[PDB]
């Protein structure tokens, strides 16, 4: 379709693990990755963090096939799934943890949806990009070799 430009660029695995640690993801959680790419975040959530449910939303068909293929080869089909669609339109209200690696302007556009649909205490973790106008509970630097990454953690209902 015709959604704001957000190309496929994945979060490095070390940053993926740190985003989930920072949000304190556990078995009780329901993790949504908005724009899931190859599915690495929801697969790590299910496989390493034992989450009861992980859902990736993805609009690109080639990416959906890779993600579904990755879910199968990791054996997590029970708990991890993909929703084909525009993340702007898909209901994310069941999420207890939402992960994002998008763009600051796309973060901006998502602000009404996040506030509308997410319950208080929902944690939202963003790789690299700020949610402008919100106050993060934490801002963390993650070193992956000689690369530095910033991770933002917000908590719905304590973000303003």
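Positions refer to the first chain, counted from 1.
ask   = Of the two stretches 131-139 and 34-42, which shows the higher Cα B-factor on average in the entry?
value = According to the PDB entry, the answer is 131-139.
Discussion item. Tell me which stretch, 140-148 or 16-24, has the higher mean Cα B-factor listed in the entry.
Written reply: Averaged over C-alpha atoms, the B-factors run higher in 140-148.
In this PDB entry, which of 58, 48, 108, 115 has the top CA B-factor? Each of 58, 48, 108, 115 was compared by C-alpha B-factor; the highest is 48.
- Grab the CA temperature factor for residue 76 from the record and place it in the lowest, middle or highest third of its chain. Middle third.
**Asked** Within this chain, which third does the Cα B-factor at residue 67 fall in: lowest, middle or highest?
**Response** It belongs to the middle third of the chain when residues are ordered by C-alpha B-factor.
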